[PDB]
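S.K.: Once you've seen the sequence and the experimental structure below, I've got questions.
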Amino acid sequence: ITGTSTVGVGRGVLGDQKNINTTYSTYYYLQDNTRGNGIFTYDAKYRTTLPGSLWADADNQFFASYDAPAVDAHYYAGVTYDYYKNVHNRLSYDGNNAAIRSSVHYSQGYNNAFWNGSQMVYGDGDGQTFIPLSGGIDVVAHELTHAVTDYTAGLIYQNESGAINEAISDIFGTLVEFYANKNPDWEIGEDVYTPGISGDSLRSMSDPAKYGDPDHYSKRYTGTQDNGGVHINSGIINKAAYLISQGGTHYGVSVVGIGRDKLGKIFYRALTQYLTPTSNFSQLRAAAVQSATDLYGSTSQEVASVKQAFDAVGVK
Ligand SMILES: O=C(O)C[C@H](NC(=O)OCc1ccccc1)C(=O)O
Ligand SMILES: [Ca+2]
Ligand SMILES: [Ca+2]
Ligand SMILES: [Ca+2]
Ligand SMILES: [Ca+2]
Ligand SMILES: [Zn+2]
């Protein structure tokens, strides 16, 4: 809606206090006018009708436990916006500053989050497997990254192209986690996953096999569950991306790490200029090699590391 830009203060899902950009018009709304065409956060009110109600608050203060997921979805959307803009010169997910919309309190005990083709959507979780999912910055950025991929490479959500889709969201979710620099790591979902158990997560890029996910092509899943294993075989690519950045020896293949920034650069370029909707793992390797070549030259260390990492995970 129309109104004045203001600044609220609230607490996130993990009890942390933070400032949020709000909009004032009778009520204080979760509308950030500082970023692109705006970031809008809605209340789905435990139902599944979307988007639900633009979040309205009487006093620009967001400390109620009910507020917390909206606080983080709003804040973390802004962080992710900043990453793509400051790091990749990308303006929102479509490159033209499209409004970013998120709904929270979707359904009841909903242990999931997603991009619905138009907006982000976060369950509260059931309190056992998940607490409210927007509490995880790598979750928020994974989801918004799905929007980026949809507008760019458009990787179809199935089989190897689908697993590439997932890895890209896991890669950029992690890189955004590092960008904000609060407890960053190469795990996925640790901040909102299983509040009863410390140290675990939904998936691991550093060691996919920690959670039953393949870390080598020879161990790929070939059946039909999970749209041909898009959340499973992503481990192969997650591990490759981990290797490219951090380095290491994997199945006896040594990889010289080149760090986060360049991993980001190579993959962002791969995603936006070389991947197509039907790209398989093998074409992803080629896309990444050509991206590293464009950026650093065909005889560079960067190129040699991309090749070593994909060799390491068994992708030719
Ligand atoms: O299948 C979909 O499109 C929805 C699925 N959602 C999902 O896995 O929710 C939990 C979660 C999300 C991001 C990071 C860690 C955990 C996805 O985004 O892949
Ligand atoms: Ca309030
Ligand atoms: Ca973390
Ligand atoms: Ca993480
Ligand atoms: Ca846990
Ligand atoms: Zn995903």
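M.R.: Cool, got the structure. Residues are numbered from 1 along each chain as shown. Ligands and ions are numbered 1, 2, ... in the order given.

S.K.: At the contact with ligand 2, which residues of the protein appear?
M.R.: 57, 59, 61 (C-beta under 5 Å from the ion). Every C-beta, even on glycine, is put in place using the N, C-alpha and C of the backbone.

S.K.: who wins for most neighbours among those?
M.R.: Counting neighbours by other C-beta atoms under 10 Å, residue 57 comes out on top of the residues of the chain next to ligand 2 with 17 neighbours.

S.K.: So the nearest residue to that one once chain neighbours are set aside, which state does it fall into?
M.R.: Nearest residue to residue 57, sequence neighbours excluded (C-beta to C-beta, 6 or more residues apart in numbering): residue 28, at 4.6 Å. Going by DSSP: H, G, I helix; E, B strand; the rest coil, the secondary structure assigned to residue 28 is strand.

S.K.: Could you pull up the contacting residues of the closest residue to residue 36 other than its chain neighbours?
M.R.: The shortest distance from residue 36 to any non-neighbouring residue, by C-beta to C-beta, 6+ apart, is to residue 97 (3.4 Å). Counting by C-beta atoms under 8 Å, 6 or more residues apart in numbering, residue 97 touches 36-37, 91.

S.K.: could you redo the last one with a cut-off of 10 Å?
M.R.: 35-38, 81, 85, 90-91 (C-beta atoms under 10 Å, 6 or more residues apart in numbering).

S.K.: Out of these, list just those in helices.
M.R.: 81, 85 (DSSP state H).

S.K.: Tell me which two in the contacts of residue 97 are the farthest apart.
M.R.: 38 and 90 (16.4 Å; C-beta to C-beta).

S.K.: burial of residue 158, as a residue count?
M.R.: When neighbours are counted by other C-beta under 10 Å, residue 158 comes out with 16.

S.K.: Need the phi and psi values for it.
M.R.: Main-chain torsions, residue 158, degrees, to the nearest 10: phi -160, psi 140.

S.K.: Tell me how far it lies from residue 190.
M.R.: The gap separating residue 158 from residue 190 is 28 Å, by C-beta to C-beta, to the nearest Å.

S.K.: Which residue ranges of the protein form helices?
M.R.: Remark: helices assigned in the chain by DSSP H are 68-88, 137-151, 159-180, 225-229, 234-246, 260-273, 281-296, 301-312.

S.K.: Which elements pack onto the second one?
M.R.: Contacting helix 137-151 under the criterion 3 or more C-beta pairs under 10 Å, 6 or more residues apart in numbering; DSSP states H and E are the following elements: helix 68-88, strand 100-104, strand 113-115, strand 120-122, helix 159-180, strand 187-188, helix 260-273.

S.K.: With ligand 5 as the reference, name the closest of those.
M.R.: Taking C-beta to the ion, strand 187-188 is the member of the helices and strands packed on helix 137-151 nearest to ligand 5, at 10.1 Å.

S.K.: what about whichever residue of the stretch 201-316 of the chain sits closest to ligand 5, distance to ligand 2?
M.R.: At 7.1 Å from ligand 5, residue 201 is the closest residue in the stretch 201-316 of the chain, using C-beta to the ion. Taking C-beta to the ion, to the nearest Å as the measure, residue 201 falls 32 Å from ligand 2.

S.K.: Skipping adjacent residues, who's closest to the residue of the chain found nearest ligand 4 in space?
M.R.: Closest contact between the chain and ligand 4, by C-beta to the ion, is at residue 138 (4.0 Å). Nearest residue to residue 138, sequence neighbours excluded (C-beta to C-beta, 6+ apart): residue 173, at 3.9 Å.

S.K.: Compute the distance between the one you found and residue 51, please.
M.R.: Distance from residue 173 to residue 51, by C-beta to C-beta: 22 Å.

S.K.: show me what contacts whatever residue of the stretch 151-300 of the chain ends up closest to ligand 1?
M.R.: Minimum separation of the stretch 151-300 of the chain from ligand 1 (C-beta to the nearest ligand atom) falls at residue 189, amounting to 3.7 Å. Residues in contact with residue 189 (C-beta under 10 Å, 6+ apart) are 113, 130, 133, 135-136, 138-139, 142, 170, 173, 200-204.
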